[PDB]
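Structure record follows, encoded as structure tokens.
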Amino acid sequence: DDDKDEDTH
Amino acid sequence: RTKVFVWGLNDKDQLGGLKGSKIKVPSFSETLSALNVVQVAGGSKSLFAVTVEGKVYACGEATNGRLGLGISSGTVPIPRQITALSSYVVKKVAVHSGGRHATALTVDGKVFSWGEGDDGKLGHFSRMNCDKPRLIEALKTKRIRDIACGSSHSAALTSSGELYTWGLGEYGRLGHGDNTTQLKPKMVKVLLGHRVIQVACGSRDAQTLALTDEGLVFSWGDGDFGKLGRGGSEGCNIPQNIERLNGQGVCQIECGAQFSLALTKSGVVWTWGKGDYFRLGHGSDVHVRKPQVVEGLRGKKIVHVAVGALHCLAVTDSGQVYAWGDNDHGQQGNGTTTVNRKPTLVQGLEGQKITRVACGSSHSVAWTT
């Protein structure tokens, strides 16, 4: 999902 | 006093001073509540707050200069005043949930922009980034009454009801009959004769929505997943009327990631567009290519809505907040990371008469007054 953020922790 | 509550992703401290990266329940923000806000707005991993005094505060990821604080790399973990604007009374900040640029409209009708400069979305005849707000000279002689920003383009409308767009021209999102990038605010001539009162801009391969004072909703730009609301998937670079919403009394329009939403005066919510991860609120994740009423809210008078990338928020006239869509980072506010397939009552706000909501890419805001 191109529009999902990643949790950088 | 305006109490402000925040939840969702917090990896870059875009929630303004909470510990933990996934805030799964709405949490009182003492930093934001202390400001006396009239508006909170959410961008890509970013949060902006406009106060009654007319100042602007920002927190979160600072890359590309999202926040307009003169910086370009790290994190602003505590809301900090955009001091470049301290000599103006700001009325509203416009930013897309997946956006890295923003605009600000003052009470006397001036527009500033800042952040990522790609494709001319800042409106200064260039593709240059702006780490600090800069006045859009092209609009200096127009009394701008509202603003909106997508991920790659921007819009403003005058008190006479004319609409300007600028930024990335690809896939027709600017509405001028071609796909040419505009580094400058350009008037949408096709809409003269209509008094445009709101505009909303999408992200990536983006759509654009406009609403006239007669209740007419127009859409143009990228057509993928049916987010233009007229069936199929064909894009266009000329505003077209979304016939299905005529006569419905639409009073607010928003664009999430690849989907569109409209709220009516009588309190009904319509959504259409990309269905993946349940961002539309119809209980399934199929696409919806013409507007459809969110049945999960039938009988509830919704007074305000907000869209993130993959989630939506809606407030009833009695102060209850409903959420639907993706929940990878807790942005649904149901205490878990489980998707809300249908509109669901948000936990932890009982006794707080919420009047307004806001969303960023993966985070959520609710506040009282």
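Annotations
- Using the Cβ of residue B:307 as centre and a radius below 9 Å, the other residues enclosed give a net charge of 0, where K and R count +1 and D and E count -1.
- One decimal place: the segment residue B:19-residue B:355 gains 118.4 nm when fully extended, by the rule 0.36 nm per residue minus the C-alpha distance.
- Only helices enter this figure: runs of n ≥ 4 DSSP H residues, each worth -39500 (n - 2.57), summed and divided by the residues of chain B, yield 0 deg cm²/dmol at 222 nm to the nearest 500.
- For the range B:26-34, putting each phi into the Karplus relation 6.51 cos²θ - 1.76 cosθ + 1.60 with θ = phi - 60° gives couplings of x, 10, 4, 9, 6, 4, 6, 5, 5 Hz, in residue order, rounded to whole numbers and with x for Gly and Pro.
- Virtual paramagnetic centre 7 Å along Cα→Cβ of residue B:251, amide N under 19 Å, in the range B:298-333: B:298-307, B:313-322
- Approximate spin-label separation residue B:213-residue B:125, in nm, with each point projected 7 Å along Cα-to-Cβ: 3.3
- Rounded to the nearest 20, the size of the Cβ-charge dipole of the protein assembly as shown about its Cα centre is 1000 debye, with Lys and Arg at +1 and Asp and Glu at -1.
- Under 12 Å from the Cα of residue A:4 - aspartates and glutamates, other chains or at least 8 residues apart: B:276, B:326, B:328
- Think of each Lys and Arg Cβ as +1 and each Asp and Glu Cβ as -1; about the Cα centre, that makes the dipole of chain B roughly 620 debye.
- Whole-angstrom gap from the range B:1-39 to the range B:247-306, using each part's C-alpha centre: 26
- Dipole-positive endmost among B:117, B:36, B:190 within chain B (Cβ charges, Cα centre): B:36
- Reachable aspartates and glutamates, given that their alpha-carbon falls under 17 Å from the alpha-carbon of residue B:301 and they are not under 8 places away in the same chain: B:317
- Per residue of B:8-15, other chain Cβ atoms within 10 Å of the residue Cβ number 2 on average.
- Projecting the Cα atoms of B:351, B:150, B:135 onto the dipole axis of chain B, where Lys and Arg carry +1 and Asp and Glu carry -1 at the beta carbon, places B:351 farthest toward the positive end.
- Whole-angstrom Cα spans of chain B along principal axes, big to small: 47, 44, 30
- The range B:151-220 and the range B:40-88 have Cα centres separated by 25 Å.
- For the set B:132/B:342; B:91/B:227; B:142/B:265, the pairs lying more than 32 angstrom apart at their alpha carbons are B:132/B:342.
- Mean separation of Cα contacts under 8 Å (6+ apart) over length of chain B, as relative contact order %: 14
Here the Cβ is made from the backbone with ideal geometry for all residues, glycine too, and neighbour counts use every protein chain on show. Read-outs: derived from the displayed coordinates by stated rules, not from any lab.
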